[PDB]
């Protein structure tokens, strides 16, 4: 049984289907996991996400660069950032961001719409919890959403280092076809459901080891329909079991090599290293970020 895992990843055979989109109707829709005393859902959720990312071939260089979108809470703190900072190697540069003001353990925080965020550098890992609850409109067609997803797709294409990875929150109604298409530009991808939030249609779309080119052609409308079909026919037992064993939680510092290479210099030998989590391709200059301010 999968109740002792941090969560459940979308099985490969479901990715290969050609389902039509239907309403998501989760058997366990009503239920909630019993969290450890005083632990909040967002800490438990990010802990299980990080426990699952521990099983993938993430590139972990020295001076790793991680950016976290949607990091604020309506309480004005950043529990997901706190888990990321616990998980990442000491000295990892962590930047977070949200529309609304909050206090954070990140090295730097930008407040404003994510579209106002600009960075000089590329990043090794992009995490997004962004979600617009106004998308959960059950009385209209569930079409691909733009808003912050448009920004995220461009940010991945422009500012994710080759070999880098991504985890972007989606739900039944909060999703984007181009982002699914972009999953085919990584060596591997999945939709991951935390066991603690398995009663929700949320998942994290994880792209593992970015290659900067289409490895697979993915139709994003079909794939989201495939995701819902998987969720509709595979009830996931709510579980907080994995939260009680943190002895192997920290991300393994692999010291992954970082090189600066130009587009015509990407061997299939390089693509293999990228695909195995053994190489990061980006410049290694100083990390500079900024937020555009609109003046009246």
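Numbering follows the first chain given and starts at 1.
The question of which stretch, 158-166 or 136-144, has the higher mean Cα B factor is settled in favour of 136-144. Taking the PDB entry as given, 274-282 carries the higher mean Cα B factor of the two stretches 274-282 and 7-15. Considering 174, 97, 73, 195 together, the PDB entry gives 73 the largest C-alpha B factor.
Ranking 55, 242, 42, 27 by Cα temperature factor from the entry places 27 first. Split the chain's modelled residues into thirds by C-alpha temperature factor. Residue 231 is in the lowest one. The PDB entry assigns residue 104 a C-alpha temperature factor belonging to the middle third of its chain's modelled residues. The entry lists a Cα temperature factor for residue 113 that places it in the middle third of the chain's modelled residues.
Ranked by Cα temperature factor within the chain, residue 205 sits in the lowest third according to the deposited record. Per the deposited record, the Cα B-factor of residue 217 falls in the highest third when ranked against the other modelled residues of its chain.
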